[PDB]
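Geometric and topological summary
Here are the chains, one letter per residue:
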Amino acid sequence: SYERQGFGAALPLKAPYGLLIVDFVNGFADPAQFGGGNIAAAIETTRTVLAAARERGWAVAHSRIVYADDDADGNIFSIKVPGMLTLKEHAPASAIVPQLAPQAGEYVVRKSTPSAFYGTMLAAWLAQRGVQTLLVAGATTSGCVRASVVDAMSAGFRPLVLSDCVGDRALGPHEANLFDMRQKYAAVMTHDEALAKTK
Amino acid sequence: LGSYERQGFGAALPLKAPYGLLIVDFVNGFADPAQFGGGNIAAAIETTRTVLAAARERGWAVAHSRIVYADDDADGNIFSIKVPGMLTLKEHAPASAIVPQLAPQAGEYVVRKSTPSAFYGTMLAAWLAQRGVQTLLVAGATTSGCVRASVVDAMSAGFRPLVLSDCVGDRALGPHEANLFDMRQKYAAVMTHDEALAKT
Amino acid sequence: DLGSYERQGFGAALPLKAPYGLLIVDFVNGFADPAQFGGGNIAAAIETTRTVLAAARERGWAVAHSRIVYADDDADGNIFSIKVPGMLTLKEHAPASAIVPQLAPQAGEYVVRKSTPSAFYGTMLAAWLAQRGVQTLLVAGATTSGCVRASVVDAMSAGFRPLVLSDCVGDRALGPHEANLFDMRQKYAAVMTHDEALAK
Amino acid sequence: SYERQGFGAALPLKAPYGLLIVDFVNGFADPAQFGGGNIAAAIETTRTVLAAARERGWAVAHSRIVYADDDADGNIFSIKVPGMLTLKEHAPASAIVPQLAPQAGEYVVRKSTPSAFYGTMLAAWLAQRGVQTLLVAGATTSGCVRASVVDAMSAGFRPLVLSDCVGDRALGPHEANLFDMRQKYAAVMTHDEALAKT
């Protein structure tokens, strides 16, 4: 059991706060490309958190999956999921969804792996700013979100997973992955609890 | 659940040499259910011995992971706020020692970590790169923890992951199975040890 | 005094080993132009590198180019760009930041963008090279006492044998150029002129 | 050229502060193995800095070069510099010099490459503590110090190179490397200046 071995202990929240919005891009919001399930409701709920973040003067990062136009950086990930390779810089599918369009000062991290931390400058970007707790929204819960939450935690940041701002293709994976995160990696709670508990 | 197929997840990852083996966190603490064991870990340990012995006889690069924190908790992290038992895993605590069944021999790297992935804040990527490893077989514990973290990173780091499905262990079966699904769909070739050894 | 190096066993030979690759670091219009960030022996280094790039292309060698790029709104403005404020003007579409027409990239050659000195720091270079199984990496670019050196020490650290093309790295100032080659020869890389490198 | 192209701009100092001492270990204190030049003097001066940091409550981290007993992690670095191999965990040459012995709470970072950040948890450890400016001491100026300094900057930290607390086996490399760092990568100043200003 998790309870028996001391898992899922609370992870106290601590300022300064920042927000990471992972991979909320056109391709992931379209159920015919990489979207589906509860991903779109998650986008909508993130709108509230993003506006709170901006008002509160928190650091905000967005990630995007972007591969080179010649497929020169086509990788292991793009063998497992071929479609990832079609997320080119200027392709509509790879652009941030219009509901969550980045404002000035917000860092757009481009990646070709699931984590927004891997082979990117995100850790360094957040450390420069002294960020202590990173709120996380995005898609998918059992993909880039999970991987970005493990890395945030490993990079020394306290992850607050916004359970209603993370969306997945399929609810079993979504639930199975929230569970892991609550047990091993993160504070996990709804956006309105997060927003309340963070001022 | 049909969206995985429609959207083109779960494509086959062709195995490619040179091969290497990573054994994640099969330490006495994770073999003993009073501490971090239970579920199907013990069986994953046993089967892993065959993979280890094949690795040695085939001249494969072998690496092993250990969780280790400092004796004064000086590296106490976010990971150990969430799972405070992790902090007991000290360098010379029996609990942090690789299970005897799978003791390393000469040439086999042991990677000490304080996070879930064997790649994070360690030399593993660099160690494999220098050896030209193309496909990394993975065994270890726990499927829904350090095995999955190491597999997503292995892949990210440019290595082809091959999860030995009967050589990775968890303390609970639902998490074990749910994380196998995800890995098979997004990150690894997944097969039993005998398929894996036959095909390398 | 420098006799200590030979006594303590510095500067041993780094045997070369295929597969080979080529990194050209930051040979961009702003480092070529002596009115912006160039000068020294950088113009000469750029041209000599052409022969290496062509030879890399004849031999089918993995090839990677680096560029310093910050966000248009200074979103990713950092510590490096406080110390050297003009790097912050290296934007994606600023001609200063573009690769020099002499060395324009081709299909399959990787353009890594960075906001730090090393082509490896916070980029996917290590994993791009790993995937391709690269053992030895030839390095060219500017500046020798800057991004070149940072990139060479990283390459080494990541598991690759660096081969610093002494006549294909340039600096805006020659004293730093010569000091950093010395360091690199003593500790971090095989160091030779390009005719020598291409002959092996 | 550095002047006309905007190099060497001041790097303002910002709390919280941390201190990293790099590879001040017996092998590097010993002129017969890896020591010499002005290293012995850097170690003694560092005593002053470490005492201050402990008193002021700062995060303090010490790095060490450590390869496996069986050479399993023998690497490219260990090819150019084969003596780095000989620094096993329990070889007295890898141990931190006694004058700078760690206390409880101070992180000992083990590395098999130049930089204290590379393939280590040093960035995460400092990030979790919200360190903004990292004071740096150690050996060798033109080796592991510089490699750590450049990484510290890259990782988001403001590096403060302590010019009388970093040593090398040769004064040329030491001065060249201090020059590079001041121009591109850090605030450089003597421990007297650093301590009063922090």
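- Its PDB record attributes the structure to X-ray crystallography, giving the resolution as 2.399 Å.

**A closer look at the overall build of chain B**
- Within chain B, the secondary structure is distributed over eight helices and six strands.
- When the elements of chain B are put in sequence order from the N terminus, they spell out α-β-α-α-β-α-β-α-β-α-β-α-β-α.
- Relative to the 2.2 N^0.38 estimate, which gives 16 Å for 200 residues, the radius of gyration of chain B is 16 Å and therefore close to what a compact globule would have.
- For chain B, with 200 residues in total, the buried portion stands at 64%.
- For chain B, restricting intrachain contacts to residue pairs at least 6 apart in sequence, the fraction spanning at least 24 positions comes to 77%.

**Observations regarding the packing of helix 6 (residues 141–154) of chain A against helix 6 (residues 143–156) of chain B**
- The contact between helix 6 of chain A and helix 6 of chain B brings their axes to 11 Å, and the two run at 105°. With respect to helix 6 of chain B, the element helix 6 of chain A is oriented roughly perpendicular. Residues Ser142, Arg146, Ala147, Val150 and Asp151 of chain A of helix 6 of chain A lie in contact with helix 6 of chain B, whose contacting residues are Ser144, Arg148, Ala149, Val152 and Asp153 of chain B.
- In terms of residue class, the contact of helix 6 of chain A with helix 6 of chain B is made up of four nonpolar, two polar and four charged.

**Quick look at helix 6 (residues 144–157) of chain C**
- Most of helix 6 of chain C is tucked away, with 14 of its 14 residues classed as buried.
- At the exit of helix 6 of chain C stands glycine 159 of chain C, carrying a positive phi of roughly 100°.

**Quick notes on empty space enclosed by the protein**
- Under the criterion given, the structure shown has 12 cavities of 30 Å³ or more.
- What the largest cavity holds in volume is close to 960 Å³.
- Around the largest cavity sit 42 residues that line it, and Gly119 of chain A, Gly121 of chain B, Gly122 of chain C together with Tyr118 and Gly119 of chain D are the ones nearest its centre.
- Those elements that place two or more of their residues in the lining of the largest cavity are helix 5 (122–128) of chain A, helix 5 (124–130) of chain B, helix 5 (125–131) of chain C together with helix 4 (122–128) of chain D.
- Here the residues of the lining of the largest cavity sort into 30 nonpolar, eight polar and four charged.
- Empty space within the second largest cavity amounts to approximately 110 Å³.
- Contributing elements (two or more residues each) for the lining of the second largest cavity: helix 6 of chain C together with helix 5 (141–154) of chain D.
- With five residues, helix 5 of chain D is the single largest residue contributor to the lining of the second largest cavity.
- Considering only residue class, the lining of the second largest cavity consists of five nonpolar, three polar and four charged.

**Overview of the pattern of salt bridges**
- Using the criterion set out here, one finds 29 salt bridges over all chains in the structure.
- Salt-bridge contacts for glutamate 193 of chain A lead to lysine 197 of chain A; the nearest nitrogen and oxygen are separated by 3.5 Å. You can see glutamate 193 of chain A and its partner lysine 197 of chain A sitting in helix 8 (residues 191–197), four residues apart, about one turn around the helix.
- Residue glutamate 193 of chain A is classed as partly exposed on the basis of its relative accessible area of 35%.
- When the shortest N-O distance is used, the salt bridge between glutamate 47 of chain C and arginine 50 of chain C registers 3.3 Å. Of this pair, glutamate 47 of chain C and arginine 50 of chain C both sit in helix 3 (residues 42–59), three residues apart, roughly one helical turn.

**A closer look at the interface of chain D and chain C**
- Listed as interface residues are 53 residues of chain D and, on the opposing side, 54 residues of chain C.
- Between chain D and chain C, a total of about 3,900 Å² is buried, with carbon and sulfur atoms accounting for 57% of that surface.
- Ranking the residues of chain D by area buried against chain C places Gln5, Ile76 and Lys80 of chain D at the top, with a combined share of 19%.
- Our count for the chain D to chain C interface comes out at 20 residue pairs in polar contact.
- Contributions of two or more residues to the side of chain D that touches chain C are made by helix 3 (76–80), helix 5, strand 5 (158–167) and helix 6 (171–184) of chain D.
- Tallied by class, the residues present in the side of chain D that touches chain C amount to 30 nonpolar, 14 polar and nine charged.

**A word on the nonpolar core**
- Formed by 291 residues in total, the largest nonpolar core has its most connected members in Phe24 of chain A, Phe26 of chain B together with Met84 and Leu122 of chain D.
- Sequence-distant contacts of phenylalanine 24 of chain A, that is, excluding residues within four places in its chain, are made with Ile39, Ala42, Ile43, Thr46, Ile96, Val97, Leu100, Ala137, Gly138, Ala139 and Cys165 of chain A.

**Some remarks on the sheet that holds strand 6 (residues 190–192) of chain C**
Residues and elements named next belong to chain C.
- Spatially, six strands are ordered 3-2-1-4-5-6 in an open sheet, and the strand pairing comes out parallel. Each edge of the sheet is formed by a strand with only one pairing partner; in this case those strands are strand 3 (110–114) and strand 6. Ignoring which end each strand starts from, the neighbouring axes of this sheet average 25° apart.
- Here strand 4 (residues 136–142) runs beside strand 5 (residues 161–170); their pairing, made up of six bridges, is parallel. Bridged to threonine 136 within strand 5 is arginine 161.
- Across the sheet, helix 3 touches strand 1 (20–25), strand 2 (62–68), strand 4 and strand 5, and the angle it forms with strand 5 is around 135°.

**Quick look at the packing of aromatic side chains**
- Tallied over the entire structure, the rule returns 30 aromatic pairs over all chains.
- With a centroid separation of 5.4 Å and an interplanar angle of 50°, the aromatic rings of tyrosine 20 of chain C and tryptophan 61 of chain C are classed as tilted. Of this pair, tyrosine 20 of chain C sits in strand 1 while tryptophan 61 of chain C sits in the loop between helix 3 and strand 2, placing them 41 residues apart in sequence.
- You can call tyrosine 20 of chain C buried: its relative accessible area is 15%.
- Ring geometry for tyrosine 17 of chain D against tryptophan 58 of chain D: centres 5.4 Å apart, planes inclined by 50°, an arrangement best described as tilted. Of this pair, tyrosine 17 of chain D sits in strand 1 (residues 17–22) while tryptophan 58 of chain D sits in the loop between helix 2 (39–56) and strand 2 (59–65), and the two are 41 residues apart along the sequence.
- Ring pairs connect the aromatic residues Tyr2, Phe7 and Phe179 of chain A together with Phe30 and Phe36 of chain B, which therefore count as one cluster.
- Residue placement shows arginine 171 of chain B over the ring face of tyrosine 2 of chain A; its charged tip is 5.9 Å from the ring centre.
- For the cation-ring pair, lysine 200 of chain C lies above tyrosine 20 of chain C, with the distance from its terminal atom to the ring centre recorded as 4.9 Å.

**Describing the interface of chain A and chain D**
- Of the residues lining the interface, 11 residues belong to chain A; the matching set on chain D comes to 11 residues.
- Buried surface at the junction of chain A and chain D, both sides included, amounts to about 710 Å², of which 47% is carbon and sulfur.
- Applying the counting rule to chain A against chain D returns zero salt bridges.
- Here chain A is connected to chain D by three residue pairs in polar contact.
- Looking at which element gives the most residues to the side of chain A that touches chain D, the answer is helix 5 of chain A, with three residues.
- Class assignment of the residues belonging to the side of chain A that touches chain D gives a composition of five nonpolar, five polar and one charged.

**Quick notes on the pairing of strand 1 (residues 17–22) of chain A**
All names here are of chain A.
- With six of six residues buried, strand 1 is to be regarded as a mostly interior element.
- Side chains of strand 1 alternate between two faces, with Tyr17, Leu19 and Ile21 and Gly18, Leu20 and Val22 buried alike.
- The sheet contact formed by strand 1 and strand 4 (residues 133–139) spans six bridges and is parallel. Counterpart to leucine 20 in the pairing with strand 4 is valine 136.

**Observations regarding the packing of helix 6 of chain C against helix 7 (residues 174–187) of chain C**
Residues and elements named next belong to chain C.
- Taken N-terminus to C-terminus, the directions of helix 6 and helix 7 make an angle of 10°; their axes are 10 Å apart at the nearest point. Between helix 6 and helix 7, the angle is such that the two are roughly parallel. Only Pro176, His177, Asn180, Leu181, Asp183, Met184 and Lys187 of helix 7 make contact with helix 6, whose side of the interface consists of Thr144, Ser145, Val148, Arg149, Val152 and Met156.
- Residues of the contact of helix 6 with helix 7, tallied by class, amount to six nonpolar, four polar and three charged.

**Let's talk about helix 5 of chain D**
- Helix 5 of chain D sits mainly inside the fold: 14 of its 14 residues count as buried.
- Once helix 5 of chain D finishes, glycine 156 of chain D follows within two positions and takes phi at roughly 105°, a positive value.

Criteria and thresholds
- Residues numbered from 1 in each chain as written, not as in the entry; some residues may be left out.
- Chains lettered and ligands numbered in written order.
- Heavy atoms only, no water.
- Helix = DSSP H or I, 4+ residues; strand = E, 2+ residues; numbered from the N terminus.
- Rg over C-alpha atoms; globule rule 2.2 N^0.38 Å.
- Buried < 20%, exposed > 50% of the residue type's maximum accessible area, 1.4 Å probe, protein only.
- Contact = heavy atoms within 4.5 Å.
- Axes fitted to C-alpha atoms, helices over the stretch in contact; angles between N-to-C directions.
- Parallel < 35°, antiparallel > 145°, perpendicular 65-115°, else oblique.
- Nonpolar A, V, L, I, M, F, W, Y, C, P; charged D, E, K, R; others polar.
- 1 Å grid on protein atoms, 1.4 Å probe; cavity = no way out; pocket = protein on both sides within 12 Å on 5 of 7 lines; lining within 4 Å.
- Points joined across faces, edges and corners; volume = space filled by probe spheres on them.
- Salt bridge = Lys/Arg side-chain N within 4 Å of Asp/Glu carboxyl O.
- Buried area = accessible area lost by both parts, 1.4 Å probe.
- Polar contact = N/O pair within 3.5 Å; in protein donor to acceptor, adjacent residues only side chain to side chain.
- Core = buried A, V, L, I, M, F, W, Y, C linked by side-chain atoms within 4.5 Å.
- Pairing = 2+ DSSP bridges.
- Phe/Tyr/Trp six-rings, centres within 6.5 Å; stacked < 30°, edge-to-face > 60°.
- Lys NZ or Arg CZ within 6 Å of the ring centre and 35° of its normal.

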